[PDB]
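Each chain is listed here by its residues.
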Amino acid sequence: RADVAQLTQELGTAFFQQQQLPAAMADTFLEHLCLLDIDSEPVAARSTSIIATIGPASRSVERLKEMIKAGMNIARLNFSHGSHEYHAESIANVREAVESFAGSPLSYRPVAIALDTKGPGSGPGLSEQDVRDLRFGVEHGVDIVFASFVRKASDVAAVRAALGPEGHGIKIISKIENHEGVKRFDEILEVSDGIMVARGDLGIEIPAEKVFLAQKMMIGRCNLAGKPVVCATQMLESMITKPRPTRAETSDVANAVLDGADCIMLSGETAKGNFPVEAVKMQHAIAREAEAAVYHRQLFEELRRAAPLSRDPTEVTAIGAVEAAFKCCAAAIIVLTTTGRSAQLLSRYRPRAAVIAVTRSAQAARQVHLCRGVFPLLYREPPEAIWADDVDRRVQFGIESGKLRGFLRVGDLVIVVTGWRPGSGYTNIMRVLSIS
Amino acid sequence: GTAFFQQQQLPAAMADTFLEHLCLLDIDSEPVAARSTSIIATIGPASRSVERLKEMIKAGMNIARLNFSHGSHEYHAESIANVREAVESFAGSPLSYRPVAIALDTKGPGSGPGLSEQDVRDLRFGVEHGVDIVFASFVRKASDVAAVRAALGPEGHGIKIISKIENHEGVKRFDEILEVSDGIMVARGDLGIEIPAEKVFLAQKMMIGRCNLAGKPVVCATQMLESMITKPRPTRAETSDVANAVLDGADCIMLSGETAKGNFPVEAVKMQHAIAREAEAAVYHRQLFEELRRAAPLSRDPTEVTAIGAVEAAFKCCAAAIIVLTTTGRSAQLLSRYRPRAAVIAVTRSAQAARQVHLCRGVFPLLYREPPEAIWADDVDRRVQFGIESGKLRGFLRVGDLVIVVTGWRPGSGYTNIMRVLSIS
Amino acid sequence: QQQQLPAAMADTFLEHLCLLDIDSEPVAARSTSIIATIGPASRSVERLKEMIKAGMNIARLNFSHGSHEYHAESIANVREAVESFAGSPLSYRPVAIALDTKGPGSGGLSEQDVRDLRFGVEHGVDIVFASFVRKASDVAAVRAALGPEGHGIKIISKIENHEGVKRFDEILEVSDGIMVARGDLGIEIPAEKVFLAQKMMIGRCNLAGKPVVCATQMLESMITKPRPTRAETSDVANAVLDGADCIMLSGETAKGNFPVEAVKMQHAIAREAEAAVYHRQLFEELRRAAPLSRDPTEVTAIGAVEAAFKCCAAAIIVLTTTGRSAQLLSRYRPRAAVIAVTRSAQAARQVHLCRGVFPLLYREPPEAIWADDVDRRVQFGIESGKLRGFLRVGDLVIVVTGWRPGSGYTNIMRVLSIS
Amino acid sequence: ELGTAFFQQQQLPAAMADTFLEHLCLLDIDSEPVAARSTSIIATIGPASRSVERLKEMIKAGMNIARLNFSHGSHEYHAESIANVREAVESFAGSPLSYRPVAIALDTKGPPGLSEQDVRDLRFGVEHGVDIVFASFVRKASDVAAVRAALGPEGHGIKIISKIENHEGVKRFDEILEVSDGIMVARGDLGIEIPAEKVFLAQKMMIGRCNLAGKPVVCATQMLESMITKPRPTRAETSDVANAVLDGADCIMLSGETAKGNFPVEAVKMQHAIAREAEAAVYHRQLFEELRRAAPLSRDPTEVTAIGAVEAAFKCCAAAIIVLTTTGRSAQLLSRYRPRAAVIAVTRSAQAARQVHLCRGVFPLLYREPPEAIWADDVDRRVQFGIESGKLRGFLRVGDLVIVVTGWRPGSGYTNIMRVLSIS
Ligand SMILES: O=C1c2ccccc2C(=O)c2c1cc(S(=O)(=O)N1CCC[C@@H](C(=O)O)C1)c(O)c2O
Ligand SMILES: O=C1c2ccccc2C(=O)c2c1cc(S(=O)(=O)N1CCC[C@@H](C(=O)O)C1)c(O)c2O
Ligand SMILES: O=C1c2ccccc2C(=O)c2c1cc(S(=O)(=O)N1CCC[C@@H](C(=O)O)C1)c(O)c2O
Ligand SMILES: O=P(O)(O)OC[C@H]1O[C@](O)(COP(=O)(O)O)[C@@H](O)[C@@H]1O
Ligand SMILES: O=P(O)(O)OC[C@H]1O[C@](O)(COP(=O)(O)O)[C@@H](O)[C@@H]1O
Ligand SMILES: O=P(O)(O)OC[C@H]1O[C@](O)(COP(=O)(O)O)[C@@H](O)[C@@H]1O
Ligand SMILES: O=P(O)(O)OC[C@H]1O[C@](O)(COP(=O)(O)O)[C@@H](O)[C@@H]1O
Ligand SMILES: O=C([O-])C(=O)[O-]
Ligand SMILES: O=C([O-])C(=O)[O-]
Ligand SMILES: O=C([O-])C(=O)[O-]
Ligand SMILES: O=C([O-])C(=O)[O-]
Ligand SMILES: [K+]
Ligand SMILES: [K+]
Ligand SMILES: [K+]
Ligand SMILES: [K+]
Ligand SMILES: [Mg+2]
Ligand SMILES: [Mg+2]
Ligand SMILES: [Mg+2]
Ligand SMILES: [Mg+2]
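Residues numbered from 1 in each chain as written, not as in the entry; some residues may be left out. Chains lettered and ligands numbered in written order. Heavy atoms only, no water.

1. Things to note about helix α5 (residues 111–122) of chain C
Residue and element names in this part refer to chain C.
Moving on, step 1. Taking 1.5 Å as the rise per residue, α5 with twelve residues should run 16 Å; its terminal C-alpha atoms sit 17 Å apart, in good agreement.
Moving on, step 2. Within α5 the residues assigned to the buried category are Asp-113, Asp-116, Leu-117, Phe-119, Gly-120 and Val-121.
Moving on, step 3. Count one or two residues on from α5 and you reach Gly-124, which has phi positive near 65°. (Helix = DSSP H or I, 4+ residues; strand = E, 2+ residues; numbered from the N terminus. Expected span 1.5 Å × (residues − 1). Buried < 20%, exposed > 50% of the residue type's maximum accessible area, 1.4 Å probe, protein only.)

The structure is reproduced here in structure tokens:
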């Protein structure tokens, strides 16, 4: 009680009853579980991104606007089905629905476009259809590739080569779907931007009762590496035909978030099912409850103990910023980023504070949805003559957007993360600011 | 041997942090220990036949649930008779015989304020037919438990009352309900309709954590393998749900439609068995034992004191089993609350206690049928030897293993006070 | 590796002790300040220069003995010895002057204490060690006796009896810090209980983030012998391991035959003991127990100490007017030296009360642009650090500054690569 | 119940703290020690402490081990000191409440290897039935093998405590500890052989490694040095004694303080008083957790029974752990886990009763009743003897819980049983 007494008097007892804060202050994981309360309402914005598969049930512009409002952050196009013409029309409809909210940063919501490959099939490596689909992805400006059946590091090098010189910025998320992918996980993660636990094929390739071990191991290793991990397949399966999920399905979504997944996915639930919008809404509601139930006290301690020492100033600033945010219950960490990297390094420490990433790159704003707790703000103003003024203006844009969108309130403390010179790679400053 | 330390997720078990423990989980590290989380199967048309019940007992069913919301007293009396016939068909091999508990799940109060008249009649039927456990529906407060206990009468004092928490009031008054109950059931079906569906996992984790702290059994129930009512294999969310209920700390997991009315009752039991075994090896005992000891209050009860000493000793030598003599099951329950990796082999003469201890994780009941020896010390020894011989036959023990043996200083319940380290010959 | 780094990486406190190595040489600068009592054996300017070189950070004047004229001459000699090194601003070492009161005797605040406290204000003393503090009102009386001109003087309450120990929380609340005055404490309470009072008071001061001094008979045999006993070296090392911000010498420097050697011995033991601190547990416990705060100086301090540990920073350079921003960094016990750049000569002297704070008195011409003036004070911290052996080219440092001039606005932490 | 007063004594509020920092903050000068003093006191016997009357006062003050320093005196002089110690010890055999075994330890003069004088002094020790040898200047494992060989055919049961006194002994510590029964941190010579400011590092390291190995460690030299001429010690001296106990030392020692000083009895009394306060201040919650985590898994039933017994004693705040032992080994394995409960060791071996003073928290009871024909009755008689002596000495009262450690058959090496008994 003495460690939270002054802040309880200042912020109030109602503040410390919400977002599972009594469970968050527990001294053991067992006590943390005992203190979880169904009446402790989540307050923070939902941090785990939702990937929705686009298909016949979720293709129209009107339906896509509803899905964006329900919480869809990434639109997945499964190239195992449909044609290039079909998927190009789906991409155009996603972009039209996204741009319908472009009138202001308060309404605008970047949505990433991910291409999920058909896979190698019976062949030992990159198929000819995958080469054509990957070229289609580059030509249509996709942000992410979910590479099917990645079994070794050379599979991801082949996907990278097939994206060519114009697709260097596309994120490659390797799908682990069989025994070989699980056994060679370390070499695959090393060369990938992230991982997808593709439980559909994994549950057929290895005994079904072992999938949870592979999921927990891969999520843990991605969390340790600071790289995005997606939990996928049959999360809310019964919602393909029913308006409400089973007890096992809500438990599965909550446990994927508690395991440490950066993203959760919907496949048949959004692509063909009768309730695509409701499936997104259900994942949104469960993820916010589960994020508040994360035991940050142990998680942050373990991420520090396991992470090696670093001489990279972005990494050093990120841990100092997350430590400062926890000390004052900061409402947000505002970070300036060109490629999304400074926001990714804050996200790896799993702050409770929202990471508001201010960027001029439309592609980086879409791709940062892969990192838990990163809320992208696309800045469109032309650069100021004095660089320091341009930096200040972007921070103020973050603060004003934050207040207008309810993330920030007068009296809140925010942590601001910036660098000492222009260009990517120079983040080295952390500032504590009081919102007025 | 090196092979010993590669099995049962032992590299993950030796990790210094929970994060590193997760990173070290290996799909090729095979489970070796016997499955410790009990399986409750609901009895219905898909699982009433004596021959089908024998297959369910072989697949791993430990408790048969009778849902009194369906069928007459004559229907439930026939269910009980068929379960007893299937169970007793294996009694000719005493070293391998598996006791099976019979649990009566009540209809509940309905729109009524407390114990309904139909529940009074069903509870009296349960006492007259010798049921072991009552799963009391919609328990909202301590007085609901007292009413169930009063309705069981003087002949039903030994029946365990597991309170089902199915609504907001039951969750809010959980502490007072747990205090007077023998255990709890997280009845997720009604709970997921009474409170927002997205909050059920919080109530499940909280109740399992509190029951683990109290050392009382907790059952996770409803829709765990729902798709197996019609499909031969479960969904990815269903296998995950079963594994996470075990990792959360549930003593028992349950099947409802999957065994009462579905096409795959035996396969549903086999699936829960396979997942539970994998998940039990993935438990991070280093943190769990540390937290259970730290949170458990000091005690002057010799059974409790001997139990923590025995569990600590079992971990020190990687004991294959803790063999305990018990009259009521209490000495085995107090060992189980510390979650040893060693199997707790409970030797008892009480057929009812042998059935009821299935409520406690990691307790393997052995019903001893031999008449007492004239010398009490020789009777205790023969029971310990029966535990060892059953253990060897069932694969729990081998020559060279170390076992912890827990006994008491005089006959009768309540006098457990001795822990002994024994080498299997 | 050096500075007990194998013991520092251990997973348990037991394994940390098992890995302590007599051949692992200390590399960090000595963090625990040394307070030396000035008397007949340590009064001359020449002797005081040798004591400053040996490591004396605070000069204590015991008003239980001598006269106002005697102590004024001691103060003048300390100031002359200190200023003899002012010609090299990158290496100059400030030395605080502390006045230790006679006490209440058989009485609250005595009339002699009122006169001695007035003498302290008139002679610009930095600290008062208030004898026999037994309640919060004793501290208020000392503060009132210092008057309007003595508002900046630090009051370190000396706990010397049972009542002071029992009312410790109320005394610490209103004091700037505490002295565990073991001489009187060991006569007022059973001698075998003094270690419990010492460990409890050091622990509570560490929790409060306030300075604590361990005092009396630490190297007693060195009053007549050139080398201390085995118990004396152990006592000094254990006071540092307990968490003391300062260690003190009384008769050892005031009247003994080896005042310089006594200071050298405390310096050598403290350096060895500081490397043997188990920071892995200490930082985790200090971080867990320090309350949540909305004060930006407090928030920046924990972020800076966390960042320093992440990169093995050689130093945390902090700009401070009153010493407060450096004190808030010191409370988290970083392994990195806290180099405090200040223009206040008094703050530079007083900040010796906080473990791991190395004060640098800035006497360079001002810059017209405030951002440039801040930058030049940071470069001064770096150049003094390189000259003194704290920093080398290639090291990483954490820099702590504020958003506008004046005390109370520290809110920035920056990661900087040296040279 | 135990009462609120019970939980205010023996630093129990500090014992229940969740962190080491909180534990320090909760230490209370008004929380009185209740447990018997567990750290043994070794007193050096010389001119100031040689008479039978003076030795009786030193035994009453708390001396557990009498050290005879063969760097001085002669064989005839030390034989008379041994005879006087034995006469003073046996003067209390008429009262069960005051009879206490006292070990006799021979400290060698020291050395290229084993000196001719050490061979003769070690032979004198065997002939006079000494319990322990403090071997001076042990630098390597072969030095211990030479001492062990010199202990001839009759002295293989004598405990060899290696004195670490120089840089080489510190650097080769692991190999020395492996072959020794225990260690002495001989700070006098160590503080001359290595820089004085590094001695505390060698002391803390050696105490930590001995605690991890489950072997006795003695802290020695200048602990209460000023008491050679003064009636009261300095503040640094009381701190040094308390910190040696908090570091994990099994024994603390007095040299010139008892051998030639003006206040030998007062020096023993001061060590007794400080050790009792310091033992209550030990943070058992972390200590037990770390000893358990660092100790390897074991298939030895004595080791397995010992950890189970210590865990059980902490669970019920047991007043004592009563153990039957012939060699002292079962008591030593309980002692390595540092229980707060007193370890009452009931033995028929007078030698083991004297030697177990090397292990912290072991209170030996020498049992001399003729053996019962039924072995289970002989075990029950010894257990009841431990209980009745415990009630007579103030360790136990009716209603207390005790943990009892025995084996399944007679003979040393078979301890495998832990029982919880309610005192009647
Ligand atoms: O129905 C269409 C469709 C029809 C006509 C043109 C394009 C599509 C289409 O693109 C599509 C569909 C459905 C799904 S699904 O419901 O998720 N699907 C269910 C069975 C096959 C599974 C698999 O990929 O192995 C997943 C998709 O993942 C998907 O991308
Ligand atoms: O001898 C002088 C002296 C002689 C002539 C003029 C000034 C002084 C003097 O200022 C002084 C002395 C000695 C000490 S002491 O050795 O540390 N110590 C000895 C007695 C016990 C302690 C006490 O006050 O309770 C003091 C002092 O602390 C101290 O400041
Ligand atoms: O005075 C006698 C004495 C006189 C006449 C006959 C026997 C003795 C004697 O046996 C003795 C003495 C003194 C000590 S001491 O004061 O502890 N001392 C400290 C200095 C160096 C140490 C050394 O081991 O070399 C010895 C002893 O340790 C010690 O055992
Ligand atoms: O996260 P990234 O890709 O490293 O971008 C961070 C960069 O953004 C900045 O804050 C602002 O840079 P720009 O003015 O070029 O946008 C830099 O100081 C910093 O290096
Ligand atoms: O677990 P419970 O019900 O307390 O039973 C433990 C009892 O079992 C025993 O080991 C054997 O008793 P019985 O010979 O009466 O079966 C007793 O010594 C002990 O009190
Ligand atoms: O530690 P203190 O007393 O609060 O001083 C810190 C202050 O020093 C500064 O860094 C520099 O201030 P000045 O330029 O006035 O010296 C301020 O920005 C900050 O508020
Ligand atoms: O500690 P030690 O020397 O192994 O002695 C322990 C032995 O003491 C006993 O408890 C009693 O044995 P005895 O009857 O031979 O004395 C044995 O069962 C056990 O093996
Ligand atoms: O490919 C997938 O997404 C799968 O198999 O789950
Ligand atoms: O009653 C039940 O089992 C339920 O509602 O889940
Ligand atoms: O006044 C003091 O310094 C003392 O008594 O220790
Ligand atoms: O021999 C000893 O005891 C010493 O040197 O400390
Ligand atoms: K695909
Ligand atoms: K029912
Ligand atoms: K004074
Ligand atoms: K000697
Ligand atoms: Mg697939
Ligand atoms: Mg229900
Ligand atoms: Mg004093
Ligand atoms: Mg010596």
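2. Digging into a nonpolar patch on the surface
Moving on, step 1. On the surface, a nonpolar cluster with roughly 360 Å² of combined accessible area is contributed by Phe4(B), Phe5(B), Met14(B) and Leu297(D).
Moving on, step 2. Looking at where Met14(B) falls in the secondary structure, it is placed in the loop between α1 (10–13) and α2 (18–23).
Moving on, step 3. Among the residues examined, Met14(B) registers a relative accessible area of 46% and is labelled partly exposed. (Patch = residues over 30% accessible without salt bridge, like charges linked within 9 Å, V, L, I, M, F, W, Y side chains within 5 Å. Areas by Shrake-Rupley, 256 points an atom, 1.4 Å probe, with all protein chains shown as cover. Salt bridge = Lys/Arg side-chain N within 4 Å of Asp/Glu carboxyl O.)

3. Side note on the interface of chain B and chain A
Moving on, step 1. In this assembly, 56 residues from chain B lie in contact with 56 residues from chain A.
Moving on, step 2. Summing the contributions of chain B and of chain A, the shared interface buries around 5,000 Å²; its carbon and sulfur component is 63%.
Moving on, step 3. For chain B, the biggest contributors to the area lost against chain A are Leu19(B), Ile27(B) and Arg236(B); these three give 16% of the whole.
Moving on, step 4. There are eight salt bridges connecting chain B and chain A.
Moving on, step 5. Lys210(A) is the partner of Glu30(B) in a salt bridge, and the nearest nitrogen-oxygen pair spans 3.1 Å. (Contact = heavy atoms within 4.5 Å. Buried area = accessible area lost by both parts, 1.4 Å probe.)

4. Brief notes about the interface of chain C and chain D
Moving on, step 1. Counting residues at the interface gives 56 residues for chain C, matched by 56 residues for chain D.
Moving on, step 2. The largest contributions to the chain C side of the interface with chain D come from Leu14(C), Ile22(C) and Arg230(C), which together make up 16% of the buried area.
Moving on, step 3. Remark: the boundary between chain C and chain D carries eight salt bridges.
Moving on, step 4. Between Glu32(D) and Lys193(C) there is a salt bridge, and its shortest N-O distance comes to 3.1 Å.

5. Quick word on the coordination of the magnesium ion (ligand 17)
All names here are of chain B.
Moving on, step 1. Donor atoms from the polypeptide that bind the magnesium ion (ligand 17) are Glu-166 (OE) and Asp-190 (OD), placed at 2.0 Å.
Moving on, step 2. Taken as an interatomic distance, the gap from the magnesium ion (ligand 17) to the potassium ion (ligand 13) is 5.9 Å. In this pair, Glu-166 is assigned in the loop between β5 (160–165) and α7 (168–172) and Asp-190 in helix α9 (residues 188–194), connecting sequence segments 24 residues apart.
Moving on, step 3. For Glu-166, a relative accessible area of 2% corresponds to the buried category. (Donors = N, O, S within 2.8 Å, 3.2 Å for Na, K, Ca; no water.)

6. Overview of the packing of helix α12 (residues 247–259) of chain A against helix α14 (residues 276–292) of chain A
Residue and element names in this part refer to chain A.
Moving on, step 1. At their nearest, the axes of α12 and α14 sit 9 Å apart, and the two run at 45° to each other. By the criterion of interaxial angle, the relationship of α12 to α14 is oblique. The two elements α12 and α14 cross, and the hand of that crossing is right-handed. Only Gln-283, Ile-286, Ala-287, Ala-290 and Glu-291 of α14 make contact with α12, whose side of the interface consists of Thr-250, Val-253, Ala-254, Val-257 and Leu-258.
Moving on, step 2. Split by residue class, the contact of α12 with α14 holds seven nonpolar, two polar and one charged. (Axes fitted to C-alpha atoms, helices over the stretch in contact; angles between N-to-C directions. Parallel < 35°, antiparallel > 145°, perpendicular 65-115°, else oblique. Left-handed = near helix turned anticlockwise from the far one by under 90°. Nonpolar A, V, L, I, M, F, W, Y, C, P; charged D, E, K, R; others polar.)

7. So, the sheet that holds strand β6 (residues 194–198) of chain A
Residue and element names in this part refer to chain A.
Moving on, step 1. With parallel pairing, the eight strands of this closed barrel are ordered in space as β1-β2-β3-β4-β5-β6-β7-β8. Strand-to-strand twist across the sheet, computed as the mean angle between neighbouring axes with direction ignored, equals 25°.
Moving on, step 2. Note: β6 against strand β7 (residues 229–232), four bridges, orientation parallel. Considered in β7, the bridge of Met-196 is made with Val-230. (Pairing = 2+ DSSP bridges.)

8. Overview of the site of ligand 9
Residues and elements named next belong to chain B.
Moving on, step 1. Residues in close proximity to ligand 9 include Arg-65, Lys-164, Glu-166, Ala-187, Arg-188, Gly-189, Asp-190, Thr-222 and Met-254, which together make up its full environment.
Moving on, step 2. Here an oxygen atom of ligand 9 sits 3.0 Å away from a polar atom, N or O, in the side chain of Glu-166.
Moving on, step 3. In this structure, an oxygen atom belonging to ligand 9 sits 2.8 Å away from a main-chain N or O atom of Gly-189.
Moving on, step 4. Across the complex, the protein chains shield 87% of the 210 Å² of accessible surface that ligand 9 would expose by itself.
Moving on, step 5. Split into classes, the residues belonging to the shell around ligand 9 amount to two nonpolar, two polar and five charged. (Near = heavy atom within 4 Å. Polar contact = N/O pair within 3.5 Å; in protein donor to acceptor, adjacent residues only side chain to side chain.)

9. Focus: the pairing of strand β4 (residues 127–130) of chain C
Residues and elements named next belong to chain C.
Moving on, step 1. Here β4 shows a buried face lined by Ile-127 and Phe-129 and a second buried face lined by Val-128 and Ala-130.
Moving on, step 2. As judged from the three bridges shared by strand β3 (residues 96–100) and β4, these two strands associate in the parallel manner. Directly across from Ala-98, in β4, lies its bridge partner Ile-127.
Moving on, step 3. In the sheet, β4 pairs with strand β5 (residues 154–159) via four bridges, with the strands oriented parallel. Along β5, the bridge assignment pairs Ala-130 with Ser-157.
Moving on, step 4. The β-α-β motif built from β4, the intervening helix α6 (residues 136–146) and the parallel element β5 has right-handed crossover chirality. (Right-handed = clockwise from strand over helix to strand, strands pointing away.)

10. Side note on the pattern of salt bridges
Opposite charge on two side chains makes pairing possible when the charged atoms of those side chains draw close.
All names here are of chain B.
Moving on, step 1. Scanning all chains against the criterion turns up 125 salt bridges over all chains.
Moving on, step 2. Of the charged contacts, one joins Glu-78 and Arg-48 as a salt bridge, the two residues approaching to 3.6 Å between their closest N and O atoms. Separated by 30 residues along the polypeptide, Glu-78 in helix α4 (residues 73–88) and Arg-48 in the loop between β1 (38–42) and α3 (50–59) bring together distant segments of the chain.
Moving on, step 3. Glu-78 gets classed as partly exposed once you look at its relative accessible area, which sits at 44%.

11. Focus on the domain arrangement of chain B
All names here are of chain B.
Moving on, step 1. Taken domain by domain, chain B comprises domain 1 (38–280) and domain 2 (285–423).
Moving on, step 2. Taking only C-alpha atoms, the centre of domain 1 and the centre of domain 2 are 25 Å apart.
Moving on, step 3. Contacts between the two partners involve 33 residues from domain 1, matched on the other side by 23 residues from domain 2.
Moving on, step 4. Regarding the contact of domain 1 and domain 2, the summed buried area is about 2,300 Å², with carbon and sulfur atoms giving 51% of it.
Moving on, step 5. Connecting domain 1 to domain 2 are two salt bridges.
Moving on, step 6. Between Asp-132 and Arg-355 there is a salt bridge whose closest N-O contact spans 2.8 Å.
Moving on, step 7. Across the domain 1-domain 2 interface, the total number found is 16 residue pairs in polar contact.
Moving on, step 8. Taken together, the elements giving at least two residues each to the side of domain 1 that touches domain 2 come down to β2 (61–67), β5 and α10 (200–214).
Moving on, step 9. Ranked by residue count, the leading element in the side of domain 1 that touches domain 2 is α10, at three residues.
Moving on, step 10. Residue classes in the side of domain 1 that touches domain 2 are distributed as 18 nonpolar, eight polar and seven charged. (Domains from an automatic or database assignment.)

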